[PDB]
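Structure file data_6.pdb with PDB, C-alpha atoms and all ligand atoms:
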```pdb
ATOM      1  CA  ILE M   1     146.752  80.703-117.171  1.00  0.00           C
ATOM      2  CA  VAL M   2     145.238  82.630-120.088  1.00  0.00           C
ATOM      3  CA  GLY M   3     141.780  84.164-119.849  1.00  0.00           C
ATOM      4  CA  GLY M   4     141.598  83.257-116.191  1.00  0.00           C
ATOM      5  CA  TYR M   5     141.265  85.292-113.028  1.00  0.00           C
ATOM      6  CA  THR M   6     143.155  86.043-109.837  1.00  0.00           C
ATOM      7  CA  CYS M   7     142.251  83.154-107.534  1.00  0.00           C
ATOM      8  CA  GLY M   8     142.652  85.050-104.303  1.00  0.00           C
ATOM      9  CA  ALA M   9     145.445  84.481-101.795  1.00  0.00           C
ATOM     10  CA  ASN M  10     145.611  80.879-100.557  1.00  0.00           C
ATOM     11  CA  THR M  11     142.230  79.936-102.064  1.00  0.00           C
ATOM     12  CA  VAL M  12     143.922  76.891-103.636  1.00  0.00           C
ATOM     13  CA  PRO M  13     145.799  75.543-100.564  1.00  0.00           C
ATOM     14  CA  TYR M  14     147.063  72.426-102.355  1.00  0.00           C
ATOM     15  CA  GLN M  15     148.787  74.402-105.118  1.00  0.00           C
ATOM     16  CA  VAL M  16     152.559  74.336-104.869  1.00  0.00           C
ATOM     17  CA  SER M  17     155.305  76.168-106.740  1.00  0.00           C
ATOM     18  CA  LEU M  18     158.435  74.221-107.666  1.00  0.00           C
ATOM     19  CA  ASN M  19     161.477  76.492-107.357  1.00  0.00           C
ATOM     20  CA  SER M  20     165.041  75.910-108.585  1.00  0.00           C
ATOM     21  CA  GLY M  21     166.150  79.502-108.083  1.00  0.00           C
ATOM     22  CA  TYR M  22     162.941  80.614-109.775  1.00  0.00           C
ATOM     23  CA  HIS M  23     159.421  79.245-110.303  1.00  0.00           C
ATOM     24  CA  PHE M  24     159.475  76.654-113.107  1.00  0.00           C
ATOM     25  CA  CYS M  25     156.419  74.428-112.539  1.00  0.00           C
ATOM     26  CA  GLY M  26     153.400  73.860-110.363  1.00  0.00           C
ATOM     27  CA  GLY M  27     152.441  70.821-108.322  1.00  0.00           C
ATOM     28  CA  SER M  28     149.802  69.491-105.935  1.00  0.00           C
ATOM     29  CA  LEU M  29     150.181  68.528-102.271  1.00  0.00           C
ATOM     30  CA  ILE M  30     148.599  65.090-101.733  1.00  0.00           C
ATOM     31  CA  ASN M  31     149.707  64.629 -98.101  1.00  0.00           C
ATOM     32  CA  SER M  32     152.126  66.272 -95.671  1.00  0.00           C
ATOM     33  CA  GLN M  33     155.147  64.597 -97.263  1.00  0.00           C
ATOM     34  CA  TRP M  34     154.293  64.258-100.959  1.00  0.00           C
ATOM     35  CA  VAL M  35     153.674  66.375-104.044  1.00  0.00           C
ATOM     36  CA  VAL M  36     152.392  65.273-107.460  1.00  0.00           C
ATOM     37  CA  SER M  37     153.625  67.101-110.564  1.00  0.00           C
ATOM     38  CA  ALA M  38     154.431  66.454-114.233  1.00  0.00           C
ATOM     39  CA  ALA M  39     157.327  64.231-115.265  1.00  0.00           C
ATOM     40  CA  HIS M  40     158.428  66.863-117.773  1.00  0.00           C
ATOM     41  CA  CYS M  41     159.038  69.135-114.776  1.00  0.00           C
ATOM     42  CA  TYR M  42     161.777  66.825-113.518  1.00  0.00           C
ATOM     43  CA  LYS M  43     165.034  68.499-112.537  1.00  0.00           C
ATOM     44  CA  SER M  44     167.620  68.357-109.770  1.00  0.00           C
ATOM     45  CA  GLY M  45     167.694  70.785-106.844  1.00  0.00           C
ATOM     46  CA  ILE M  46     163.960  71.273-106.399  1.00  0.00           C
ATOM     47  CA  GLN M  47     162.575  73.308-103.512  1.00  0.00           C
ATOM     48  CA  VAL M  48     158.859  72.968-102.872  1.00  0.00           C
ATOM     49  CA  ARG M  49     157.073  76.181-101.952  1.00  0.00           C
ATOM     50  CA  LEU M  50     153.733  75.835-100.188  1.00  0.00           C
ATOM     51  CA  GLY M  51     151.226  78.447 -99.035  1.00  0.00           C
ATOM     52  CA  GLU M  52     152.186  80.754-101.899  1.00  0.00           C
ATOM     53  CA  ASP M  53     150.248  83.534-103.590  1.00  0.00           C
ATOM     54  CA  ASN M  54     152.685  86.184-104.849  1.00  0.00           C
ATOM     55  CA  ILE M  55     155.752  84.064-105.662  1.00  0.00           C
ATOM     56  CA  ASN M  56     158.063  87.102-105.578  1.00  0.00           C
ATOM     57  CA  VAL M  57     157.153  88.395-102.113  1.00  0.00           C
ATOM     58  CA  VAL M  58     157.314  86.644 -98.740  1.00  0.00           C
ATOM     59  CA  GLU M  59     153.807  87.300 -97.443  1.00  0.00           C
ATOM     60  CA  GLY M  60     153.916  85.225 -94.265  1.00  0.00           C
ATOM     61  CA  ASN M  61     152.121  81.942 -94.923  1.00  0.00           C
ATOM     62  CA  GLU M  62     154.776  80.134 -96.951  1.00  0.00           C
ATOM     63  CA  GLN M  63     156.726  76.986 -96.243  1.00  0.00           C
ATOM     64  CA  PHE M  64     159.898  76.319 -98.232  1.00  0.00           C
ATOM     65  CA  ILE M  65     160.951  72.671 -98.144  1.00  0.00           C
ATOM     66  CA  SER M  66     163.626  70.933-100.204  1.00  0.00           C
ATOM     67  CA  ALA M  67     162.762  67.754-102.080  1.00  0.00           C
ATOM     68  CA  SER M  68     164.518  64.644-100.761  1.00  0.00           C
ATOM     69  CA  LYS M  69     163.544  62.394-103.668  1.00  0.00           C
ATOM     70  CA  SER M  70     161.876  62.649-107.064  1.00  0.00           C
ATOM     71  CA  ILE M  71     160.255  59.694-108.788  1.00  0.00           C
ATOM     72  CA  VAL M  72     159.317  59.979-112.438  1.00  0.00           C
ATOM     73  CA  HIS M  73     156.750  57.455-113.652  1.00  0.00           C
ATOM     74  CA  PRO M  74     158.532  54.339-114.980  1.00  0.00           C
ATOM     75  CA  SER M  75     156.711  54.569-118.311  1.00  0.00           C
ATOM     76  CA  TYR M  76     157.110  58.299-118.891  1.00  0.00           C
ATOM     77  CA  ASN M  77     157.975  58.956-122.535  1.00  0.00           C
ATOM     78  CA  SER M  78     159.400  62.453-123.006  1.00  0.00           C
ATOM     79  CA  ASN M  79     158.835  62.368-126.775  1.00  0.00           C
ATOM     80  CA  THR M  80     155.053  61.903-126.537  1.00  0.00           C
ATOM     81  CA  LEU M  81     154.532  62.984-122.921  1.00  0.00           C
ATOM     82  CA  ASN M  82     152.621  59.755-122.296  1.00  0.00           C
ATOM     83  CA  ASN M  83     152.538  59.084-118.521  1.00  0.00           C
ATOM     84  CA  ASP M  84     153.521  62.670-117.680  1.00  0.00           C
ATOM     85  CA  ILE M  85     153.501  62.326-113.910  1.00  0.00           C
ATOM     86  CA  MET M  86     156.092  62.455-111.136  1.00  0.00           C
ATOM     87  CA  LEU M  87     156.131  62.273-107.338  1.00  0.00           C
ATOM     88  CA  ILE M  88     158.246  64.484-105.097  1.00  0.00           C
ATOM     89  CA  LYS M  89     158.940  63.699-101.451  1.00  0.00           C
ATOM     90  CA  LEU M  90     159.565  66.585 -99.048  1.00  0.00           C
ATOM     91  CA  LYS M  91     162.686  66.448 -96.865  1.00  0.00           C
ATOM     92  CA  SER M  92     160.491  67.327 -93.896  1.00  0.00           C
ATOM     93  CA  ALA M  93     156.730  67.065 -93.463  1.00  0.00           C
ATOM     94  CA  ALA M  94     154.816  70.246 -94.200  1.00  0.00           C
ATOM     95  CA  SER M  95     152.749  71.790 -91.411  1.00  0.00           C
ATOM     96  CA  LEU M  96     149.149  71.494 -92.576  1.00  0.00           C
ATOM     97  CA  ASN M  97     146.827  74.455 -92.040  1.00  0.00           C
ATOM     98  CA  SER M  98     144.069  76.362 -93.854  1.00  0.00           C
ATOM     99  CA  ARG M  99     146.604  77.765 -96.342  1.00  0.00           C
ATOM    100  CA  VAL M 100     148.608  74.555 -96.798  1.00  0.00           C
ATOM    101  CA  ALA M 101     146.335  71.564 -97.363  1.00  0.00           C
ATOM    102  CA  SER M 102     146.332  68.339 -99.344  1.00  0.00           C
ATOM    103  CA  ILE M 103     143.993  67.501-102.206  1.00  0.00           C
ATOM    104  CA  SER M 104     142.441  64.029-102.346  1.00  0.00           C
ATOM    105  CA  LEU M 105     143.158  61.558-105.123  1.00  0.00           C
ATOM    106  CA  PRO M 106     140.251  60.313-107.239  1.00  0.00           C
ATOM    107  CA  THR M 107     138.554  56.976-106.604  1.00  0.00           C
ATOM    108  CA  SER M 108     137.174  57.006-110.144  1.00  0.00           C
ATOM    109  CA  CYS M 109     137.663  58.919-113.395  1.00  0.00           C
ATOM    110  CA  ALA M 110     135.682  62.093-114.058  1.00  0.00           C
ATOM    111  CA  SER M 111     133.283  62.295-116.997  1.00  0.00           C
ATOM    112  CA  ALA M 112     133.196  64.708-119.919  1.00  0.00           C
ATOM    113  CA  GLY M 113     131.342  67.905-119.108  1.00  0.00           C
ATOM    114  CA  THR M 114     132.496  67.989-115.489  1.00  0.00           C
ATOM    115  CA  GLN M 115     133.681  71.457-114.490  1.00  0.00           C
ATOM    116  CA  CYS M 116     137.161  71.689-112.983  1.00  0.00           C
ATOM    117  CA  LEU M 117     139.499  74.265-111.468  1.00  0.00           C
ATOM    118  CA  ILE M 118     142.905  74.723-113.102  1.00  0.00           C
ATOM    119  CA  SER M 119     145.524  76.953-111.478  1.00  0.00           C
ATOM    120  CA  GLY M 120     149.089  78.191-111.801  1.00  0.00           C
ATOM    121  CA  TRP M 121     151.635  80.970-112.282  1.00  0.00           C
ATOM    122  CA  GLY M 122     152.129  80.424-116.010  1.00  0.00           C
ATOM    123  CA  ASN M 123     152.016  83.022-118.783  1.00  0.00           C
ATOM    124  CA  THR M 124     148.714  84.914-118.998  1.00  0.00           C
ATOM    125  CA  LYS M 125     149.018  85.966-122.637  1.00  0.00           C
ATOM    126  CA  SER M 126     147.763  84.022-125.653  1.00  0.00           C
ATOM    127  CA  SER M 127     150.020  86.006-127.981  1.00  0.00           C
ATOM    128  CA  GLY M 128     153.176  87.358-126.387  1.00  0.00           C
ATOM    129  CA  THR M 129     154.434  86.989-122.828  1.00  0.00           C
ATOM    130  CA  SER M 130     153.495  88.184-119.346  1.00  0.00           C
ATOM    131  CA  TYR M 131     154.102  86.241-116.142  1.00  0.00           C
ATOM    132  CA  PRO M 132     151.950  86.981-113.074  1.00  0.00           C
ATOM    133  CA  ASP M 133     153.169  87.180-109.501  1.00  0.00           C
ATOM    134  CA  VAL M 134     149.920  85.962-107.941  1.00  0.00           C
ATOM    135  CA  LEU M 135     148.112  82.665-108.509  1.00  0.00           C
ATOM    136  CA  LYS M 136     145.728  82.558-111.465  1.00  0.00           C
ATOM    137  CA  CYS M 137     142.614  80.384-111.770  1.00  0.00           C
ATOM    138  CA  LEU M 138     140.463  79.008-114.582  1.00  0.00           C
ATOM    139  CA  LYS M 139     137.207  77.078-114.525  1.00  0.00           C
ATOM    140  CA  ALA M 140     137.009  74.691-117.453  1.00  0.00           C
ATOM    141  CA  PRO M 141     134.994  71.617-118.430  1.00  0.00           C
ATOM    142  CA  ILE M 142     136.489  68.268-119.362  1.00  0.00           C
ATOM    143  CA  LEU M 143     136.024  67.785-123.104  1.00  0.00           C
ATOM    144  CA  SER M 144     134.869  64.613-124.828  1.00  0.00           C
ATOM    145  CA  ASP M 145     137.695  62.307-125.850  1.00  0.00           C
ATOM    146  CA  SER M 146     136.494  62.558-129.443  1.00  0.00           C
ATOM    147  CA  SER M 147     136.949  66.336-129.455  1.00  0.00           C
ATOM    148  CA  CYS M 148     140.303  65.894-127.713  1.00  0.00           C
ATOM    149  CA  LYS M 149     141.615  63.347-130.210  1.00  0.00           C
ATOM    150  CA  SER M 150     140.242  65.352-133.143  1.00  0.00           C
ATOM    151  CA  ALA M 151     142.270  68.371-132.031  1.00  0.00           C
ATOM    152  CA  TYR M 152     145.462  66.332-131.653  1.00  0.00           C
ATOM    153  CA  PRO M 153     145.261  63.462-134.185  1.00  0.00           C
ATOM    154  CA  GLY M 154     147.478  60.538-133.199  1.00  0.00           C
ATOM    155  CA  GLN M 155     148.766  62.256-130.051  1.00  0.00           C
ATOM    156  CA  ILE M 156     146.207  61.493-127.341  1.00  0.00           C
ATOM    157  CA  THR M 157     146.545  58.351-125.236  1.00  0.00           C
ATOM    158  CA  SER M 158     144.256  56.835-122.622  1.00  0.00           C
ATOM    159  CA  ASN M 159     146.450  58.596-120.048  1.00  0.00           C
ATOM    160  CA  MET M 160     145.456  62.055-121.247  1.00  0.00           C
ATOM    161  CA  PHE M 161     142.321  64.167-121.389  1.00  0.00           C
ATOM    162  CA  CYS M 162     141.513  67.637-122.661  1.00  0.00           C
ATOM    163  CA  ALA M 163     139.784  70.452-120.818  1.00  0.00           C
ATOM    164  CA  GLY M 164     138.972  74.004-121.802  1.00  0.00           C
ATOM    165  CA  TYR M 165     137.161  75.805-124.593  1.00  0.00           C
ATOM    166  CA  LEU M 166     137.435  75.054-128.304  1.00  0.00           C
ATOM    167  CA  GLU M 167     136.602  78.680-129.117  1.00  0.00           C
ATOM    168  CA  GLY M 168     139.875  79.753-127.526  1.00  0.00           C
ATOM    169  CA  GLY M 169     140.702  82.476-125.026  1.00  0.00           C
ATOM    170  CA  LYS M 170     140.854  80.271-121.924  1.00  0.00           C
ATOM    171  CA  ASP M 171     143.612  77.741-121.254  1.00  0.00           C
ATOM    172  CA  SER M 172     146.581  76.801-119.065  1.00  0.00           C
ATOM    173  CA  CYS M 173     150.021  77.721-120.402  1.00  0.00           C
ATOM    174  CA  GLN M 174     153.812  77.858-120.078  1.00  0.00           C
ATOM    175  CA  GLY M 175     154.603  77.861-116.381  1.00  0.00           C
ATOM    176  CA  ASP M 176     151.431  76.077-115.288  1.00  0.00           C
ATOM    177  CA  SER M 177     152.951  72.673-116.104  1.00  0.00           C
ATOM    178  CA  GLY M 178     152.708  70.155-113.288  1.00  0.00           C
ATOM    179  CA  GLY M 179     149.855  72.079-111.701  1.00  0.00           C
ATOM    180  CA  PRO M 180     146.425  70.808-110.587  1.00  0.00           C
ATOM    181  CA  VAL M 181     143.139  70.214-112.373  1.00  0.00           C
ATOM    182  CA  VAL M 182     140.639  69.593-109.586  1.00  0.00           C
ATOM    183  CA  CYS M 183     137.110  68.404-110.235  1.00  0.00           C
ATOM    184  CA  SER M 184     134.515  67.692-107.556  1.00  0.00           C
ATOM    185  CA  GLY M 185     137.205  67.924-104.879  1.00  0.00           C
ATOM    186  CA  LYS M 186     139.556  65.404-106.495  1.00  0.00           C
ATOM    187  CA  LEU M 187     142.849  65.820-108.356  1.00  0.00           C
ATOM    188  CA  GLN M 188     141.867  64.484-111.780  1.00  0.00           C
ATOM    189  CA  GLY M 189     144.518  66.140-113.925  1.00  0.00           C
ATOM    190  CA  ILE M 190     148.018  67.564-114.161  1.00  0.00           C
ATOM    191  CA  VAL M 191     148.881  70.422-116.540  1.00  0.00           C
ATOM    192  CA  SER M 192     150.815  68.568-119.248  1.00  0.00           C
ATOM    193  CA  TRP M 193     150.823  70.063-122.746  1.00  0.00           C
ATOM    194  CA  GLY M 194     148.923  71.603-125.639  1.00  0.00           C
ATOM    195  CA  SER M 195     149.345  73.612-128.842  1.00  0.00           C
ATOM    196  CA  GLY M 196     150.324  77.178-128.066  1.00  0.00           C
ATOM    197  CA  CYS M 197     148.017  78.701-125.465  1.00  0.00           C
ATOM    198  CA  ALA M 198     144.295  79.460-125.654  1.00  0.00           C
ATOM    199  CA  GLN M 199     144.320  78.863-129.414  1.00  0.00           C
ATOM    200  CA  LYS M 200     141.130  78.001-131.292  1.00  0.00           C
ATOM    201  CA  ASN M 201     140.356  74.267-131.435  1.00  0.00           C
ATOM    202  CA  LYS M 202     143.516  73.507-129.445  1.00  0.00           C
ATOM    203  CA  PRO M 203     142.464  72.755-125.836  1.00  0.00           C
ATOM    204  CA  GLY M 204     144.835  71.968-123.000  1.00  0.00           C
ATOM    205  CA  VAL M 205     145.992  68.387-122.525  1.00  0.00           C
ATOM    206  CA  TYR M 206     146.200  66.949-119.018  1.00  0.00           C
ATOM    207  CA  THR M 207     147.609  63.819-117.419  1.00  0.00           C
ATOM    208  CA  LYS M 208     144.681  61.592-116.428  1.00  0.00           C
ATOM    209  CA  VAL M 209     145.440  61.117-112.735  1.00  0.00           C
ATOM    210  CA  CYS M 210     142.735  58.510-112.087  1.00  0.00           C
ATOM    211  CA  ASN M 211     144.836  56.013-114.083  1.00  0.00           C
ATOM    212  CA  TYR M 212     147.713  56.466-111.632  1.00  0.00           C
ATOM    213  CA  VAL M 213     146.107  56.249-108.197  1.00  0.00           C
ATOM    214  CA  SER M 214     147.354  52.702-107.566  1.00  0.00           C
ATOM    215  CA  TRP M 215     150.892  53.684-108.615  1.00  0.00           C
ATOM    216  CA  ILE M 216     150.807  56.833-106.490  1.00  0.00           C
ATOM    217  CA  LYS M 217     149.524  55.041-103.391  1.00  0.00           C
ATOM    218  CA  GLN M 218     151.923  52.123-103.714  1.00  0.00           C
ATOM    219  CA  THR M 219     154.920  54.346-104.476  1.00  0.00           C
ATOM    220  CA  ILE M 220     154.297  56.705-101.552  1.00  0.00           C
ATOM    221  CA  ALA M 221     153.791  53.770 -99.189  1.00  0.00           C
ATOM    222  CA  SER M 222     157.126  52.250-100.234  1.00  0.00           C
ATOM    223  CA  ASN M 223     159.209  55.435-100.109  1.00  0.00           C
TER     224      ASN M 223
HETATM  225  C1  LIG M 301     154.754  70.745-125.497  1.00  0.00           C
HETATM  226  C2  LIG M 301     155.837  71.526-124.806  1.00  0.00           C
HETATM  227  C3  LIG M 301     157.210  71.286-125.232  1.00  0.00           C
HETATM  228  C4  LIG M 301     158.314  71.987-124.630  1.00  0.00           C
HETATM  229  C5  LIG M 301     158.065  72.945-123.584  1.00  0.00           C
HETATM  230  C6  LIG M 301     156.711  73.208-123.137  1.00  0.00           C
HETATM  231  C7  LIG M 301     155.584  72.503-123.741  1.00  0.00           C
HETATM  232  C8  LIG M 301     154.197  72.845-123.216  1.00  0.00           C
HETATM  233  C9  LIG M 301     153.759  72.792-121.885  1.00  0.00           C
HETATM  234  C10 LIG M 301     152.428  73.197-121.885  1.00  0.00           C
HETATM  235  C11 LIG M 301     151.491  73.334-120.790  1.00  0.00           C
HETATM  236  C12 LIG M 301     150.149  73.786-121.102  1.00  0.00           C
HETATM  237  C13 LIG M 301     149.775  74.090-122.488  1.00  0.00           C
HETATM  238  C14 LIG M 301     148.399  74.545-122.810  1.00  0.00           C
HETATM  239  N1  LIG M 301     148.146  75.419-123.897  1.00  0.00           N
HETATM  240  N2  LIG M 301     147.290  74.094-122.026  1.00  0.00           N
HETATM  241  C15 LIG M 301     150.730  73.947-123.572  1.00  0.00           C
HETATM  242  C16 LIG M 301     152.088  73.489-123.244  1.00  0.00           C
HETATM  243  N3  LIG M 301     153.175  73.264-124.012  1.00  0.00           N
HETATM  244 CA    CA M 302     155.187  84.447-101.487  1.00  0.00          CA
END
```

Exercise: express the given structure as C-alpha cells:
Amino acid sequence: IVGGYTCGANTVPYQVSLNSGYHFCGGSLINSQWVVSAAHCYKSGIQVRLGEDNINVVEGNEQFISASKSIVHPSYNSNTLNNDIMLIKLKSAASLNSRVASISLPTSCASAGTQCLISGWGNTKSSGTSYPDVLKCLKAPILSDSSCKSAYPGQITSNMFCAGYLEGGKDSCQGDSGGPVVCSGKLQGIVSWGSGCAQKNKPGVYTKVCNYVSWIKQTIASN
C-alpha cells in the first residue's frame, strides 16, 4: 500500500496473509473454512495466516492453517487477468473471534464514488522498494468505469473496476495482490493489477467480486 497508513493491529480481522515460506499475497476470510484471493496468487503449498499484524513476529493472536484445496476460477485468463479470483479451503476451520472474522459477500455491485478500505502488506514506495511488517490501510473511492477504461484502453473488462486517485500518491501495490477492497461492509474487490504503483492517471484495478457471488456460494457449498 502506497500513501496509506498503519491500520492498527487486527483492525481488519478478515485480512489474511498467504505464506509459502514468506508472505506473497493477501486474501479475505469469507467464513471459517474459506478464503477468497486472486487467481494470479495461485501456488502450491499455501499456508493461510489469520489474525496477523506484524507478519514477521508472533504476537499472540495468529492462526496458521494449511490450505487443503485451491480453486482458481474456471475462466481465469492469466494473460489479461480477466476473472482474477480464486478460493482457498482451510484444512481445519479457523476459530472465529474479534481478531479473526469473516467479511460478507456483496448482494449487489457498489457504485462509483463509494469509499472503500483497501489493505495489505505490499510495497509502500511509489518509486523504489520498502516492505512493511505491519498491515497498511488505504481509503479510496471507486472510480467511474469511463475513467478506468480511459486509463487502461482495451484492458478493462466487466469483471474489473478501478479505485484510487488519478492524481497519484495513493494505491495498492506489489504484495497486496489477492487482498480485500471492502465497501459498506461488503467485499467488493480483490487487489488484482495496475500500472506501476501510485502513478498519475494509473489507478489500481480490482476484481469485481459482485460478479462472482453465485460462483463463490455454489463452489463453497460443493467443496
Ligand atoms: C501486472 C502484474 C504482472 C506481474 C506481477 C505483478 C503485477 C501487478 C500486481 C499488482 C497489484 C496492484 C497494483 C496497483 N498499482 N494497484 C499493480 C500490480 N501489478
Ligand atoms: Ca504475526

To verify the selection step, state as an mmCIF file with C-alpha atoms, keeping the file's coordinate frame which residues the PyMOL selection byres (((not hetatm)) within 8 of (chain M and resi 302)) yields on this input.
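Okay, this is what ended up in selection30.cif:
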```cif
data_model
loop_
_atom_site.group_PDB
_atom_site.id
_atom_site.type_symbol
_atom_site.label_atom_id
_atom_site.label_comp_id
_atom_site.auth_asym_id
_atom_site.auth_seq_id
_atom_site.Cartn_x
_atom_site.Cartn_y
_atom_site.Cartn_z
ATOM 1 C CA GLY M 51 151.226 78.447 -99.035
ATOM 2 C CA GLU M 52 152.186 80.754 -101.899
ATOM 3 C CA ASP M 53 150.248 83.534 -103.590
ATOM 4 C CA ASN M 54 152.685 86.184 -104.849
ATOM 5 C CA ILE M 55 155.752 84.064 -105.662
ATOM 6 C CA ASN M 56 158.063 87.102 -105.578
ATOM 7 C CA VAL M 57 157.153 88.395 -102.113
ATOM 8 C CA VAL M 58 157.314 86.644 -98.740
ATOM 9 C CA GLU M 59 153.807 87.300 -97.443
ATOM 10 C CA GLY M 60 153.916 85.225 -94.265
ATOM 11 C CA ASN M 61 152.121 81.942 -94.923
ATOM 12 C CA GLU M 62 154.776 80.134 -96.951
#
```

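If you measure from each of M:111, M:184, M:147, M:126 to ligand LIG 301 (chain M) using all atoms listed in the file, the closest one turns out to be M:126.
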
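Once the PyMOL selection byres (((not hetatm)) within 7 of (chain M and resi 301)) is applied to the shown structure, the selection contains residues 171, 172, 173, 174, 176, 177, 191, 192, 193, 194, 195, 196, 197, 198, 203, 204 and 205 of chain M.
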
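Summary of the local environment: counting all atoms listed in the file, residues at most 7 Å from region 20-28 of chain M, other than itself and those fewer than 2 positions away along its chain, are residues 14, 15, 16, 17, 18, 30, 35, 36, 37, 41, 45, 46, 47, 120, 175, 176, 177, 178, 179 and 180 of chain M.
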
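Considering the residues M:187, M:143, M:88, M:29 and counting all atoms listed in the file, residue 209 (chain M) has its shortest atom-to-atom contact with M:187.
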
TODO: Return as a PyMOL selection string the set of residues that the PyMOL selection byres (((chain M and resi 34) around 12) and not hetatm) yields on the displayed structure.
DONE: chain M and resi 14+16+27-33+35-37+48+50+65-71+86-94+101-104+216-217+219-221+223

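Those residues positioned at most 9 Å from (139.2, 79.1, -133.6) are residues 166, 167, 168, 199, 200, 201 and 202 of chain M, judged using all atoms listed in the file.
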
Produce the centre coordinates and the three edge lengths, each in Å to one decimal, of the box along x, y and z that contains all listed atoms of region 206-213 of chain M with 8 Å added on each side, as lines of an AutoDock Vina configuration file.
```
center_x = 145.2
center_y = 61.5
center_z = -113.6
size_x = 21.0
size_y = 26.9
size_z = 26.8
```

Open item on the list: Using only C-alpha atoms, which protein or nucleic acid residues come within 9 Å of residue 80 (chain M)? Drop anything in the same chain fewer than 4 positions from it, and give the result as a ChimeraX atom specification.
Closed with: /M:76,155-156

For a quick check of your reading of the model, name the residues lying within 8 Å of the coordinate (133.4, 57.7, -122.3), counting only C-alpha atoms, and write them as a PDB file with C-alpha atoms, in the frame of the given file.
```pdb
ATOM      1  CA  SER M 111     133.283  62.295-116.997  1.00  0.00           C
ATOM      2  CA  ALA M 112     133.196  64.708-119.919  1.00  0.00           C
ATOM      3  CA  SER M 144     134.869  64.613-124.828  1.00  0.00           C
ATOM      4  CA  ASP M 145     137.695  62.307-125.850  1.00  0.00           C
TER       5      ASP M 145
END
```

Task: Length of the CA of residue 162 (chain M) to CA of residue 8 (chain M) vector [Å] - done: 25.3 Å

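Atom pair CA of residue 188 (chain M) / CA of residue 141 (chain M) has a distance of 11.9 Å (rounded to one decimal).
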
Open item on the list: What's the separation between CA of residue 85 (chain M) and CA of residue 12 (chain M), in Å to one decimal place?
Closed with: 20.2 Å

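For the set M:43, M:125, M:208, M:170, the residue with the smallest atom-to-atom gap to residue 82 (chain M) is M:208, counting only C-alpha atoms.
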
Neighbours of residue 109 (chain M) within 12 Å (only C-alpha atoms; same-chain residues fewer than 4 positions away dropped), as a PDB file with C-alpha atoms, in the coordinates of the input?
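Generated output (out_35.pdb):
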```pdb
ATOM      1  CA  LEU M 105     143.158  61.558-105.123  1.00  0.00           C
ATOM      2  CA  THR M 114     132.496  67.989-115.489  1.00  0.00           C
ATOM      3  CA  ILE M 142     136.489  68.268-119.362  1.00  0.00           C
ATOM      4  CA  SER M 158     144.256  56.835-122.622  1.00  0.00           C
ATOM      5  CA  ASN M 159     146.450  58.596-120.048  1.00  0.00           C
ATOM      6  CA  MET M 160     145.456  62.055-121.247  1.00  0.00           C
ATOM      7  CA  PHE M 161     142.321  64.167-121.389  1.00  0.00           C
ATOM      8  CA  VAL M 182     140.639  69.593-109.586  1.00  0.00           C
ATOM      9  CA  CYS M 183     137.110  68.404-110.235  1.00  0.00           C
ATOM     10  CA  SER M 184     134.515  67.692-107.556  1.00  0.00           C
ATOM     11  CA  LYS M 186     139.556  65.404-106.495  1.00  0.00           C
ATOM     12  CA  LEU M 187     142.849  65.820-108.356  1.00  0.00           C
ATOM     13  CA  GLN M 188     141.867  64.484-111.780  1.00  0.00           C
ATOM     14  CA  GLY M 189     144.518  66.140-113.925  1.00  0.00           C
ATOM     15  CA  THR M 207     147.609  63.819-117.419  1.00  0.00           C
ATOM     16  CA  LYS M 208     144.681  61.592-116.428  1.00  0.00           C
ATOM     17  CA  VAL M 209     145.440  61.117-112.735  1.00  0.00           C
ATOM     18  CA  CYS M 210     142.735  58.510-112.087  1.00  0.00           C
ATOM     19  CA  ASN M 211     144.836  56.013-114.083  1.00  0.00           C
ATOM     20  CA  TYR M 212     147.713  56.466-111.632  1.00  0.00           C
ATOM     21  CA  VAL M 213     146.107  56.249-108.197  1.00  0.00           C
TER      22      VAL M 213
END
```

Since the input is missing atoms, can you rebuild N, CA, C and O atoms for region 137-144 of chain M and write them as a tab-separated table (two decimals), in the frame of the given file?
```
chain	number	residue	atom	x	y	z
M	137	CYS	N	143.58	81.47	-111.74
M	137	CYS	CA	142.61	80.38	-111.77
M	137	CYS	C	141.81	80.36	-113.06
M	137	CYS	O	141.67	81.37	-113.74
M	138	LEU	N	141.28	79.18	-113.39
M	138	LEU	CA	140.46	79.01	-114.58
M	138	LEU	C	139.49	77.85	-114.40
M	138	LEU	O	139.89	76.74	-114.05
M	139	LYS	N	138.21	78.12	-114.62
M	139	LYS	CA	137.21	77.08	-114.52
M	139	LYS	C	137.02	76.57	-115.94
M	139	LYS	O	136.80	77.35	-116.86
M	140	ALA	N	137.15	75.26	-116.13
M	140	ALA	CA	137.01	74.69	-117.45
M	140	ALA	C	136.43	73.29	-117.40
M	140	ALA	O	136.71	72.52	-116.48
M	141	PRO	N	135.61	72.94	-118.39
M	141	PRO	CA	134.99	71.62	-118.43
M	141	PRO	C	135.87	70.59	-119.14
M	141	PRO	O	136.66	70.94	-120.02
M	142	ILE	N	135.75	69.34	-118.73
M	142	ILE	CA	136.49	68.27	-119.36
M	142	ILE	C	135.80	68.06	-120.71
M	142	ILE	O	134.57	68.01	-120.78
M	143	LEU	N	136.59	67.97	-121.77
M	143	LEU	CA	136.02	67.78	-123.10
M	143	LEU	C	135.91	66.31	-123.44
M	143	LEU	O	136.58	65.47	-122.83
M	144	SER	N	135.05	65.99	-124.40
M	144	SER	CA	134.87	64.61	-124.83
M	144	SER	C	136.19	64.13	-125.40
M	144	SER	O	136.98	64.93	-125.91
```
